[PDB]
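Let's start with one chain on its own, the form deposited in one PDB entry, as structure tokens.
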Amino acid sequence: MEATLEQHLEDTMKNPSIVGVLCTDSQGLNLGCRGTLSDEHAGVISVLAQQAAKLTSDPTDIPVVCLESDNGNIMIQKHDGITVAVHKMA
């Protein structure tokens, strides 16, 4: 099959609770984003993921990072090599 990140970001945003999504490589390159998460957030998202990884030794035990505030929650995890951040309200 032929799948694109752009398609996947569109699919993800169809979830009514998801208000933003952003993907980066391990050095903060913005691979694509929608909604509340934008170019200015990619570096920070990548640093969070890279710092979290330092707090573990494997096997493949990559910690999920969650951020919670009045403006909702952001979940950051690696999937198939890339860093994925999802913002939900609450």
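Only the largest set of C-alpha atoms that superpose within 1.5 Å between the two forms is called the rigid core. Position 1 is the first residue in the sequence shown; the rest follow in order.
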> Should the higher mean CA B-factor in the entry be assigned to 77-85 or to 15-23?
Replying inline: 77-85
> Which is higher in the entry, the mean Cα B factor of 26-34 or that of 54-62?
Replying inline: 54-62
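The discussion below concerns the form deposited in another entry, not included here.
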>> Once the core is aligned, does residue 12 move its Cα by at least 2 Å between the shown form and the other one?
In response: yes
